[PDB]
Amino acid sequence: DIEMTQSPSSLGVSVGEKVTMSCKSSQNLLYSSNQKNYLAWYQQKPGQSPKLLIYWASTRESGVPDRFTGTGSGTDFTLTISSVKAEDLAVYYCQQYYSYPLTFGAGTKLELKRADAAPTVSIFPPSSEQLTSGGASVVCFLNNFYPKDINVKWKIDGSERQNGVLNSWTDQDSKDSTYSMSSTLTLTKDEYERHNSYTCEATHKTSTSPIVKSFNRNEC
Amino acid sequence: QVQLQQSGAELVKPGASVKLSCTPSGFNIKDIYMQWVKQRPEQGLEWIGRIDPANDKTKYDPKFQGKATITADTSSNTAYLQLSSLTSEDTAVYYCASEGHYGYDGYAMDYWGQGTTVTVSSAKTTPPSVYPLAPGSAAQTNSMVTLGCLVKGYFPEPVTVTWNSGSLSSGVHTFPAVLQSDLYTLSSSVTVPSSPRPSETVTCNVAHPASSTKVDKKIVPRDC
Amino acid sequence: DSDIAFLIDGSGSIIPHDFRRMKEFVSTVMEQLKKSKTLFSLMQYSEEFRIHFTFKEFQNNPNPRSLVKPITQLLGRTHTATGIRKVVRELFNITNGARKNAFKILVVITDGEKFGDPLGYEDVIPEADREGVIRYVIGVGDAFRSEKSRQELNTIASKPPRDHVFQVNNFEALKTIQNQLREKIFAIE
Ligand SMILES: [Ca+2]
Ligand SMILES: [Cl-]
Ligand code: NA
């Protein structure tokens, strides 16, 4: 199997910029008899299916704008977008169609850049409603932060917790270009009632020190 | 106009089988290599195999050996993908793509279908439990206040979450659902000025079409 | 006493007229080498492999043009080594009408080098030598205008290259090597 190594996994982009992605294959894709590189580039816009952008490593597909450029030969390949448009924000995959199995790269997701934004952290105790069912879920929202990379730490009475934790991340906001994340710690009513302090620690690029949001069970 | 038309969404029990179809409008399956590509949630593209509908010859990725069966029907101009002994690992979006024959030894996948969602679960239609997310009794400093809505233990997807019947649109964002037990869990966040809450009303409206349920939950300040 | 197999390239680069010209060439060869103990078999290869007629199928219908006319092009990539192994293992098998003490001859006709083949020539050539398969190769067009490419031809064909390798500019020039090929088969029948 040929390995398709795409770089970077994610790229911060501004409208009008020149951007470049890398695709490196573990085996040669240049066929000696036709002197063509068996490499294709696909663009996958959110909610949509992949669409063929470039084939033979440099040939643009019908309807593909002059802004998309494909370069490289043999092993190391590159896709270029001179003057990025908003409509170009998608995931770009490269694929080898030289031999079987046909293999794809992990992709390069283009995201819109903006100012580094620190998360707005909010902790929520379990609702009285849920406690009646016998379950207890502590929720932590880390909202409107930039860049996307963030870390959550759960703390019950000062000590770390890793079981019962379920996390969900939003896609980049279409209006303010930020990311948000939801962390939920699900215990039982009895496990929950055995402890006093509950906390979620947020670790992000914007601060050396983590953002800590806490609550005490026996505090109203 | 010229496109690959794929079959509708699938909901299957584990251990069962599922057969997906792909019919091109605009061209003949005989004149292309029909490919099948798997896309796992927020994961990459994974080639399953392909068929030459002109002679029914197939190639697969050995990872899908025993799992996938690709067939073609020239009469209905349709290519099929059958997935057997279904597990949660088979929950993905499946695309059909065609590799055309343009006078070269091979080609890229120039046409792609819209995709087919397959969801593998033992779960039956379960309505959600809607829990309010109000800040702890001892908080408050900020000019803004974040409130939430926890939509727990429902099956299947989707669920629609509005705030104040769509009136609160800004400051609202819903988190993608996650599979907890064999059921889904989701949460929605709303940010309002500290002035309108709790002095004014903040309500989440949750709708789960599948269980024919609509729930409205007023976010009220924590007991004390 | 001869079993003459053809392994024809049906890859995408060969335009329909050229595939027609090759079929014409294959037919003419079978008609010119027509002998009372001479059987013929054909396999088409690309990335897929298809037996168009077994020696037994030829014995029960010894009409070359009747057997070559229906042959349809596979298209796709070029897996020559896998094709050679399939010819050796399938065409030259007693169940497919092959004779034990008959001369095993193989004429290979290609327009390009093998690529992305699961098999190497090292995994296929020794088995062909051990099974006593006399290999002839016809490399068509520009794909064989280099030193490296001609070595591929030499690897396919039996040693020496002068007695087993052929080269034509195109498919319309296959007619040129019609006489030379027929005469080479006749030398040690
Ligand atoms: Ca070829
Ligand atoms: Cl030999
Ligand atoms: Na879909």
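Keep in mind that residues are numbered from 1 along each chain as the sequence reads, not by the entry's scheme, and that residues without coordinates are left out. Chains and ligands are labelled by the order in which they are written, letters from A for the one and numbers from 1 for the other. Side-chain measures here rest on the full set of heavy atoms in the structure, leaving out hydrogens and waters.

- For this coordinate set, the PDB header names X-ray crystallography as the determination method and states a resolution of 2.70 Å.

**Things to note about the domain arrangement of chain A**
Residue and element names in this part refer to chain A.
Right, on to step 1. Domain boundaries shown here were taken from an automatic or database domain assignment. In terms of domain boundaries, chain A breaks down into domain 1 (1-114) and domain 2 (115-213).
Right, on to step 2. With centres defined by C-alpha atoms, the gap from domain 1 to domain 2 works out at 36 Å.
Right, on to step 3. Two residues qualify as a contact provided that any one of their heavy atoms is within 4.5 Å of a heavy atom in the partner residue. Every contact between the two is made by six residues of domain 1 and, on the other side, 11 residues of domain 2.
Right, on to step 4. Summed over both partners, the accessible surface that disappears when two parts come together, traced with a 1.4 Å probe, is what is meant by buried area. Buried surface at the junction of domain 1 and domain 2, summed over both partners, amounts to about 700 Å²; 38% is from carbon and sulfur atoms.
Right, on to step 5. Area buried by domain 1 at its contact with domain 2 is led by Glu 111, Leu 112 and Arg 114, which between them contribute 81% of it.

**Here we look at the coordination of the calcium ion (ligand 1)**
Right, on to step 1. Coordination of the calcium ion (ligand 1) by the protein comes from B:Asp105 (OD), B:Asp105 (OD), C:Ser11 (OG), C:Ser13 (OG) and C:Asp111 (OD), over a distance range of 2.3 to 2.6 Å.
Right, on to step 2. Note on exposure labels: buried denotes an accessible area under 20% of the residue type's maximum, exposed denotes more than 50%, and partly exposed covers the range between, all computed with a 1.4 Å probe on protein chains only. On the basis of relative accessible area, C:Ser13 is assigned to the partly exposed category, the value being 28%. Here a donor is an N, O or S atom found within 2.8 Å of the metal, or within 3.2 Å if the metal is Na, K or Ca; sites may look incomplete because water is not among the atoms.

**Some remarks on the environment of C:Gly139**
Right, on to step 1. In this structure, C:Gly139 sits in strand β5 (residues 133-140).
Right, on to step 2. Owing to a relative accessible area of 0%, C:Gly139 belongs among the buried residues under this scheme. A helix here means a DSSP run of H or I that spans at least four residues, while a strand means a run of E at least two residues long, and both kinds are numbered starting from the N terminus.

**So, the interface of chain C and chain B**
Right, on to step 1. At the interface, 13 residues of chain C touch 14 residues of chain B.
Right, on to step 2. Buried surface at the junction of chain C and chain B, both sides included, amounts to about 1,100 Å², of which 39% is carbon and sulfur.
Right, on to step 3. Per-residue buried area on chain C facing chain B is highest for C:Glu47, C:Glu48 and C:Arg77; these three make up 43% of the total on that side.
Right, on to step 4. Just to be clear on terms, a salt bridge is a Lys or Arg side-chain nitrogen sitting within 4 Å of an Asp or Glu carboxyl oxygen. If you look at where chain C meets chain B, you find three salt bridges.
Right, on to step 5. Note that C:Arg77 and B:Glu99 form a salt bridge whose closest N and O atoms lie 2.8 Å from each other.
Right, on to step 6. A 3.5 Å cut-off defines polar contacts: any pair of N or O atoms within that distance qualifies, except that in protein one atom must be a possible hydrogen donor and the other a possible acceptor, and neighbouring residues in sequence count only when both atoms are side-chain atoms. Along the contact surface separating chain C from chain B lie 10 residue pairs in polar contact.
Right, on to step 7. Classifying every residue of the side of chain C that touches chain B gives four nonpolar, five polar and four charged. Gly falls in the polar group here, along with every residue not listed as nonpolar (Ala, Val, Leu, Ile, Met, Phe, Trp, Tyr, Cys, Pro) or charged (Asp, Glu, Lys, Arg).

**Brief notes about the interface of chain B and chain A**
Right, on to step 1. Counting from both sides, the interface comprises 52 residues of chain B and, opposite them, 50 residues of chain A.
Right, on to step 2. Summed over both sides, the interface of chain B with chain A buries roughly 4,000 Å², with 61% coming from carbon and sulfur.
Right, on to step 3. It is B:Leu45, B:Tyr107 and B:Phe175 in chain B that bury the most area against chain A; as a group they hold 14% of the surface buried on that side.
Right, on to step 4. The interface formed by chain B and chain A contains two salt bridges.
Right, on to step 5. Note that A:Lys109 and B:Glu42 form a salt bridge whose closest N and O atoms lie 3.6 Å from each other.
Right, on to step 6. Seen at the junction of chain B and chain A, the total is 18 residue pairs in polar contact.

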